[PDB]
Amino acid sequence: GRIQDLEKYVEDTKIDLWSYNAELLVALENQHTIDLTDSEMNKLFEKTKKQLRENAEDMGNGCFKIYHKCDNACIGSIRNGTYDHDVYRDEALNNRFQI
Amino acid sequence: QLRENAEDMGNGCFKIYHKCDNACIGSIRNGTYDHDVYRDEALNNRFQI
């Protein structure tokens, strides 16, 4: 009777609370991961563009236009985060703002 | 606020293209800085030939 009735209550209480509680935990982390992943994408994205003082336009689909013959070393340089803007800057601008 | 008067140095830094006096530095701080007054000289400096 009565006693048994209350621990059935206690049981269902716990499972319900935990179920919802877990449901939120899961969903909150999923969002967090998806955020963190694409944010790091954005962070790498920014790193490139920030490094590229002026030599990069924005193509319109996460693409950049480089205004100098950029050979394997050069392409690899931007990847390596060592790329000097100065060496090419002048020719990049004559190309970019051509008359 | 900085229309044509700031590059991005690459470490949360800006390069202003006019000798910018204490008033000028303080102006950007104060959020009153006109771009126009200096804009022309900033560009001749920035896109020098």
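Below is a short write-up of the structure.

This part takes up the overall build of chain A. On a plain count of helices and strands, chain A comes out with 3 helices and 0 strands. When the helices and strands of chain A are listed from N to C terminus, the series reads α-α-α. The C-alpha atoms of chain A give a radius of gyration of 28 Å, which is well past the 13 Å a tight globule of 99 residues would have. In chain A, which comprises 99 residues, the share counted as buried stands at 18%.

Right, let's talk about a negative patch on the surface for a bit. Taken together, the side chains of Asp-5, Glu-7, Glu-11, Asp-12 and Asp-16 of chain A define an acidic patch exposed on the protein surface. With respect to the element layout, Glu-7 of chain A can be found in helix α1 (residues 2–51).

On to a nonpolar patch on the surface. Residues and elements named next belong to chain A. Judged by side-chain polarity, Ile-3, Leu-6 and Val-10 come together as a nonpolar surface patch covering roughly 300 Å² of accessible area. Among the structural elements, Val-10 can be located in helix α1. Relative accessible area serves as the criterion here: at 52%, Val-10 is assigned to the exposed category.

Looking at the secondary structure, you find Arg-53 of chain A in the loop between α1 and α2 (72–80). If we skip the residues at most four places from it in the chain, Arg-53 of chain A touches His-85 and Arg-89 of chain A together with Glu-7, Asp-8 and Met-9 of chain B. For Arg-53 of chain A, the side chain forms a polar contact with the side chain of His-85 of chain A, separated by 3.4 Å.

Judged by nonpolar contacts, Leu-52, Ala-56, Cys-70, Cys-74, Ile-78 and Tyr-83 of chain A together constitute the single largest core of 6 residues. Those residues in contact with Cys-74 of chain A that lie beyond four places of it in its chain are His-68, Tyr-83 and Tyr-88 of chain A.

The next thing to look at is the state of the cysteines. Working definition: the covalent bond between the sulfur atoms of two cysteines is a disulfide. Under the definition given, this model contains 2 disulfides over all chains. Two residues, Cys-70 of chain A and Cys-74 of chain A, share a disulfide whose sulfurs are 2.0 Å apart. Taking the sign of the S-S torsion, -100° for the link of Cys-70 of chain A and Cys-74 of chain A, the bridge is left-handed. Here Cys-70 of chain A matches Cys-74 of chain A in class, with each residue buried. One disulfide bridge connects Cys-20 of chain B with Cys-24 of chain B, the sulfur atoms lying 2.0 Å from each other. The S-S bond linking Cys-20 of chain B to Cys-24 of chain B shows a torsion near -100°; that makes this disulfide left-handed. Using a relative accessible area of 4% as the deciding quantity, one classes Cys-24 of chain B as buried. Considering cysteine sulfurs only, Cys-70 of chain A is the nearest to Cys-63 of chain A, which forms no disulfide, with 15 Å between them. No disulfide involves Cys-13 of chain B; its nearest neighbouring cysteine sulfur is the one of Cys-20 of chain B, lying 15 Å away.

Counting residues at the interface gives 6 residues for chain A and 10 residues for chain B. Overall, the association of chain A and chain B removes approximately 740 Å² of surface from exposure, summing both partners, and the carbon and sulfur fraction of that is 38%. Looking only at chain A, the three residues that lose the most surface to chain B are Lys-50, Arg-53 and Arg-89 of chain A, adding up to 73% of its buried area. The interface formed by chain A and chain B includes 2 salt bridges. Note that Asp-8 of chain B is salt-bridged to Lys-50 of chain A, the shortest N-O span being 3.2 Å. Inspection of the chain A/chain B interface yields 4 residue pairs in polar contact.

Rules used throughout
- Residues numbered from 1 in each chain as written, not as in the entry; some residues may be left out.
- Chains lettered and ligands numbered in written order.
- Part of a larger assembly, values for the part shown.
- Heavy atoms only, no water.
- Helix = DSSP H or I, 4+ residues; strand = E, 2+ residues; numbered from the N terminus.
- Rg over C-alpha atoms; globule rule 2.2 N^0.38 Å.
- Buried < 20%, exposed > 50% of the residue type's maximum accessible area, 1.4 Å probe, protein only.
- Patch = residues over 30% accessible without salt bridge, like charges linked within 9 Å, V, L, I, M, F, W, Y side chains within 5 Å.
- Areas by Shrake-Rupley, 256 points an atom, 1.4 Å probe, with all protein chains shown as cover.
- Salt bridge = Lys/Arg side-chain N within 4 Å of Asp/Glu carboxyl O.
- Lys, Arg positive; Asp, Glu negative; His and termini not counted.
- Charge placed at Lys NZ, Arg CZ, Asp CG, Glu CD.
- Contact = heavy atoms within 4.5 Å.
- Polar contact = N/O pair within 3.5 Å; in protein donor to acceptor, adjacent residues only side chain to side chain.
- Core = buried A, V, L, I, M, F, W, Y, C linked by side-chain atoms within 4.5 Å.
- Disulfide = S-S within 2.5 Å.
- Buried area = accessible area lost by both parts, 1.4 Å probe.

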